[PDB]
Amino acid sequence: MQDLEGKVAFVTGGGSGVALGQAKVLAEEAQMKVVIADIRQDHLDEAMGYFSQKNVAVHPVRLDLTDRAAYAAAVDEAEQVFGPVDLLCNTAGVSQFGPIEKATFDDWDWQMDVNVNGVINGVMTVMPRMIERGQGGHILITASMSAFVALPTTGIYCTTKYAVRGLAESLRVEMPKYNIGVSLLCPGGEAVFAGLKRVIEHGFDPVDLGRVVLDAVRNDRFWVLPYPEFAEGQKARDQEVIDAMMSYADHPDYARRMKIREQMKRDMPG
């Protein structure tokens, strides 16, 4: 998405952490009009304490993303204060780790509701408005490297991040015909995976990651995975799947399905 100056961003979880980092970069460098949406009033107040000392247009709104009615009201508010949302940053998220066999249903529901339904709720509130307006837009989903790597004690968290990865890849298919860009950011934050993870954890800065995001939005990049470390590890995970698929090769049902297409490759136009 180009010419971000003066365009409107809606950033969830924007009162703290990664999302606040996104808000700062979008409001300050990119000069967007930014709405920060957060459930905690004290986090909002802290953020606005910062932004009140910068040349920015930032509007806070206290919002529980799991509340669909309130979400619609909050986006209405964004439109009244600034204008239609151009960039939606679904970045709010929570986590609590533990042995999966000790997880409670309350543990599941809380993390599922914020990490998955909160993202669904934003996408379904804003994306239809983008389409209706016909001026394009952009949707960012902040997942995690847990959308690629299951770890001990991260069972619930991993499930939620795989979910929104799926949603992101789904948006990626259907949004380009409406000139709506899609980005999927997967922060870090094998015993070797954890070790590589620890090194990025210590160099991670929310503003720095905010600039990675900014650059992805401008250039309309989908896979925002700024960790070349995880490549060789991911190649191994990938090869497992490929090998599993190929392990049924010699199994004659595959050879049958081969023969059908070879014939259909003949017989028909293209």
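When you see a residue number, it is the position in the sequence shown, counting from 1.
Colleague: What does the record say about the segment between residue 98 and residue 99: how many deposited residues are without coordinates (none, 1 to 3, 4 to 9, 10 or more)?
Modeller: Count of unmodelled residues in between: none.
Colleague: Per the entry, where is the mean C-alpha temperature factor higher: 169-177 or 195-203?
Modeller: If you average the C-alpha B-factors of 169-177 and of 195-203, the larger mean comes out for 195-203.
Colleague: Taking only the CA atoms, which stretch has the higher mean B-factor in the record, 143-151 or 156-164?
Modeller: Mean C-alpha B-factor is greater for 143-151.
Colleague: Given 9, 25, 260, 19, identify the residue with the highest C-alpha B factor in the PDB entry.
Modeller: Each of 9, 25, 260, 19 was compared by C-alpha B-factor; the highest is 260.
Colleague: Among the modelled residues of this chain, does the Cα B factor of residue 188 put it in the lowest, middle or highest third?
Modeller: Highest third - that is where residue 188 ends up once the chain's C-alpha B-factors are sorted.
Colleague: Lowest, middle or highest third: where is residue 70 by C-alpha B factor in its chain?
Modeller: Middle third - that is where residue 70 ends up once the chain's C-alpha B-factors are sorted.
Colleague: By the recorded C-alpha temperature factor, relative to the other modelled residues in its chain, which third is residue 235 in?
Modeller: Residue 235: CA B-factor falls in the highest third of its chain.
Colleague: Which third of the chain holds residue 15 when residues are ordered by C-alpha B factor: lowest, middle or highest?
Modeller: CA B-factor rank for residue 15: middle third.
Colleague: Quick check on the deposited entry: does the C-alpha B-factor of residue 132 sit in the lowest, middle or highest third of its chain?
Modeller: Highest third.
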